[PDB]
There are 2 protein chains.
Amino acid sequence: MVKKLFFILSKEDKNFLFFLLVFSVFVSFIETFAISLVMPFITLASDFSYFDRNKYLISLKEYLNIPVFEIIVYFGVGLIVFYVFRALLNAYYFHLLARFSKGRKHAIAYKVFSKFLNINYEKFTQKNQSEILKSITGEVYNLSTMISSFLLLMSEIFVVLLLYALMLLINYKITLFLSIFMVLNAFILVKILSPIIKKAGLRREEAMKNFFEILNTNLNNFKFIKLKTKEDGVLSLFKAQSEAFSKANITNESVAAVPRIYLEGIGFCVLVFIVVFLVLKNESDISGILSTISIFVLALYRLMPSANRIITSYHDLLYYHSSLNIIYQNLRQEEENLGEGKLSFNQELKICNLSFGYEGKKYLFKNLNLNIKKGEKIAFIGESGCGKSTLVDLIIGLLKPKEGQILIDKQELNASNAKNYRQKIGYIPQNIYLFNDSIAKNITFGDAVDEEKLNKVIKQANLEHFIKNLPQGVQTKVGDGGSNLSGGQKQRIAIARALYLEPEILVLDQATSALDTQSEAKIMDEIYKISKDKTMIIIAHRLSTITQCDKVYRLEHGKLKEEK
Amino acid sequence: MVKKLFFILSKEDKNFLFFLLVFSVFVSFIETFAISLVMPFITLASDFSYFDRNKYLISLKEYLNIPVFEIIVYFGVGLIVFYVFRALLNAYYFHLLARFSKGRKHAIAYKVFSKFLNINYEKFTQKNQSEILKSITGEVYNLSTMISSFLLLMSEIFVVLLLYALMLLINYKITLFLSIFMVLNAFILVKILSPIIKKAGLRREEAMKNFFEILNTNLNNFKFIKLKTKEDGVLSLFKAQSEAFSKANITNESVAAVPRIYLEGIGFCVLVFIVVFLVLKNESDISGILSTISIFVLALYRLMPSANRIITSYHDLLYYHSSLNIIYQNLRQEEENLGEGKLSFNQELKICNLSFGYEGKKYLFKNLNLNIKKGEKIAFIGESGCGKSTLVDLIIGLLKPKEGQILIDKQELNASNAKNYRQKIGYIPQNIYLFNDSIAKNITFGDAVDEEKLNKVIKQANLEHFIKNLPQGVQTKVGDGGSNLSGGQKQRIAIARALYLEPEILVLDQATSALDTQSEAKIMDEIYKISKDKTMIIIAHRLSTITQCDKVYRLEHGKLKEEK
């Protein structure tokens, strides 16, 4: 199950991962350094003696660039250099945690998306973009965030270990005491107060509900009240409920405050307790009294986040991780389509005993039979969801027929040539999705440009009077779908996009309703013109768009009739 | 605006308030005590001397009751006693703040609700119960809240004053230094980092948006992609947007960390700087001068919440107060109805030239004319919102006619007699709002009980075979409206409630639809029987339910015609 993780992660990824591990432990040390360096600095900044015994300190003293006024000062400068240094080290560590997680999100998202773009058409189709978006987006977030969380978890569990070690070394007695005390407060808060608070909250809820209940009905009985004259009865009932509510409210609020108040007080108390019992055993009073206390204090506060991060991040390995890691293996060992080798289209697309059903699912056809002479311009009339869109989806490359054939010049369309067959159909979806970019792209669908092919295509789709009257011209961002674009231009742009692949079969998957019949008529006329040298299938939703079709088939549950 | 507050507050309210003021200041003292007491306790726990100098200490010493091992111990016990006391004082203080605010919500809500119950029927009627609920409930909450916010605001600005005074005494130089340091850092955060953070955030928002946009457009063009075969274009556009998102994400996340990291570093640094600049002064009393840093630390940390509380509560006086305080005076210097003195009903209710409109609002009638013989049992047919309900509202006490009269035994109904008139009509609304209580109340409508009158009335409204098969019976909570009750019992209990006032005019306001005759015909007959010795007005929504009526008037836009 790490094999998963190291499969999903690249080489640079795995390396980066290990660097970040090491780095995590190293900052655990730099943390405990920052805490403990307070001990010697404070114990040597007072008392000034120490350079009067002890070989090392007096050796320093007799490096003589300074007396000791200036030695402690240099020591301070070294300390604030170190602390600045540590601030930088920590910033960089968190920045590298970000860099790792977000970079990995970028990489794994891209790998997953690619993986999806390669499954077969029905497979992609049969699940909702809600979930496919979740699959390449939310999951990748989870993995990323979680790995970073693990690294942070490491660094902090070592801060806890090292710091606890330090405390034990300096005064195992006190640290044992502080710890017993720690779990003691933990128990008091979480097992004695939290329940009382929670109840107080429920009491408040119920009392509020009841108060508002009879306030509301008293307001609803206003007419009956007004016809009594006297209002003392309801005011009575209301007073009683309002007192219940008020009371439960003052005690929920009262009890709520106890935990912080308790915390303030216990802090001071345990401090006094430490000095009153541990002034009975000393081992030198002086400034030393602050030396051993400060550490604990420091340590304790530094350990406060250590807890939280360790808790928080642990939860992140719970809620994410597990469920998620599999969802990559079982999403990127995902299988793709197939096929390679060509296929020619000069006579007819024959269909032959088609029959198709989606993976569920009773067939939509059974034994559909038709054929299309090259150039034929046909249309599929139908009762929408009767199967005509699916039919076209079979006639064009996508979707494997449950029973038919589909021959192209008497040659069977299948896995081996489907690439080359798919390659020869333009698409034109009427309700079109452009992406936010420079018209040229879309039209090219990314693929560089070709200026010439791009221009000839724009000319064909008669967008010429549009790309002339635009500021940036062919490079105008289209805002989204548009935003910058209106239906007619969107449509012509989609037509253009289709004509950039060029030939030889145009599908026109017209959407339902247009409320711009004039424009739809014009675009229809244009499309017919530009389908002169080509052959065209129309997934027709109207009629009146199909005036110029050589053939019209109506497909209804679940037979094909020729109409024309 | 204080005249407002003290108009709203009672005497007991004001007293409690000034008490809470004084108490607030007193806890400011005990807080600064809690801080400063660490100084002597730790300064006398080292060095053990002082009981050999200082007249007071050495006199205490030569109270000779113990050595000094034990005197410091006594001082310590005195401390944890003081700290416990302080915890108690604070818990009690916040409990008193709660007790005040909620006690005041309780009282002022009650005053407002009562105020509303006394305005005239049209006024109450002409506004939505949303607003009347908010006016006696949400506003009251606001005021209460805001007063407590103010008391805490006091307590905390005084904690700041006193503590800051302490710091100044202990080391005027240092406190000035740290204050400069404080506002300096504040400028760093709030004016140097925070803007960078927000930009980083907006950048992330935008890059995210673009990433997800072309991801979705790409998922939406899957059919077009699959028909290309080649997918490198969309994968490319996707890579570019995804890298943008990645970059903006890592640097928003990176910059997010700088502020706390900065805070850590600057803390330690300013500490070291404090020891290095203040070891430059021939005074390093080993632990003595070194005692005084701790105070500053403590104080600074105590001043943090004071800062927060002062901000929060200031904002609470902003958001509320101003807006809320006024909407009280202007909600309780509100004027009420009027009247006192009687009016007798033995022959006819004469109506005469009515003409009525709601305050808007074109009239519903002009010249309505009818009269009701005592005992008559009449019904108002109409096109439901044709005005019949408004008409009844005028015939009974509520609503002042724009032009008519309404005479009761040739005597005018008006402000002087309206009370006694209202007093003599029961109401029975068919679709009735009960409150959550012991069926006796509802039926009595709060007003104590009378048992004999209550039992007789229960028998009148034929509820006896229901109160037989009930657990608690007449004391059964009826569960919200019911819940515990089904339509028939609601209707009969309403009839009871009405008969409990007793006489002399029963209004029956039938709802639209009952579906159908089975229940409603039955209750109609029960009602007709019990309306024999009385006179009755029925606001009929059908027909067919008013067969047994002596008179029936149909009122339609906007004249009154007699039918039967």
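Data overview
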| read-out | value |
| --- | --- |
| DSSP-defined beta bridges in chain A - what % are antiparallel, rounded to 5 | 45 |
| Label-to-label distance, nm, for residues given as A:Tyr528 and A:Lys410 (7 Å Cα→Cβ offset) | 3.5 |
| Partner chain coverage, peptide B:433-446 - average Cβ within 10 angstrom | 5 |
| Shielding by partners - mean other protein chain Cβ count within 10 Å, residues of B:295-307 | 1 |
| Alpha-carbon centroids, the stretch A:509-564 and the stretch B:110-171: separation in whole Å | 70 |
| Neighbour-count ranking [beta-carbon atoms within 10 angstrom, fewest first] of A:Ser483, B:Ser416 | A:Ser483, B:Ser416 |
| Residues A:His315, B:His465 arranged by fewest to most Cβ contacts within 10 Å | B:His465, A:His315 |
| Dipole magnitude of the protein assembly as shown, debye to nearest 20 (Cβ charges: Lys/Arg +1, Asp/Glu -1, about Cα centre) | 2140 |
| Average partner coverage of A:210-221, which counts Cβ from other chains inside 10 Å | 6 |
| FRET efficiency, 1/(1 + (r/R0)^6) with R0 45 Å, evaluated for A:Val190 and B:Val474 via beta carbons | 0.40 |
| Cβ-defined net charge surrounding B:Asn417, 14 Å radius [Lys, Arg +1; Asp, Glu -1] | +3 |
| Environment charge at A:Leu237 (Cβ cut-off 9 Å; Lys +1, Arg +1, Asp -1, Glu -1) | +1 |
| Shortest-first nm distances, A:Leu280 label point to equivalent points in other copies (7 Å, Cα→Cβ) | 4.4 |
| Relative exposure of A:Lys361, B:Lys247, judged by other C-beta atoms within 10 Å (fewest first) | A:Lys361, B:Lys247 |
| Helix runs (DSSP H) in chain A reaching 24 Å along axis by Cα, Kyte-Doolittle at least -1.0 | A:11-36, A:69-117, A:139-188, A:194-220, A:232-277, A:288-319 |
| Sites B:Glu122 and A:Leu515 - FRET efficiency at Förster radius 56 Å, r taken between beta-carbons, to 0.05 | 0.70 |
| Share, in percent, of DSSP beta bridges within the protein assembly as shown that are antiparallel, nearest 5 | 45 |
| Protection proxy ranking, peptides A:203-212, B:26-35, average beta carbon neighbours within 10 Å, highest first | B:26-35, A:203-212 |
| Calculated [θ] (222 nm, deg cm²/dmol) that DSSP helices of n ≥ 4 give over the protein assembly as shown, each run adding -39,500 (n - 2.57) | -20500 deg cm²/dmol |
| Charge-dipole axis of the protein assembly as shown as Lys and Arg at +1 and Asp and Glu at -1 on Cβ define it, positive-most pick from A:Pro259, A:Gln472, B:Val279 | A:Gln472 |
| Surrounding net charge for B:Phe445, when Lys and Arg each add one and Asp and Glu each subtract one, Cβ distance under 11 Å | 0 |
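Reconstructed Cβ throughout: ideal geometry from the backbone, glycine too, with neighbour counts over all protein chains shown. FYI, it's all coordinate maths here, none of it is from the lab.
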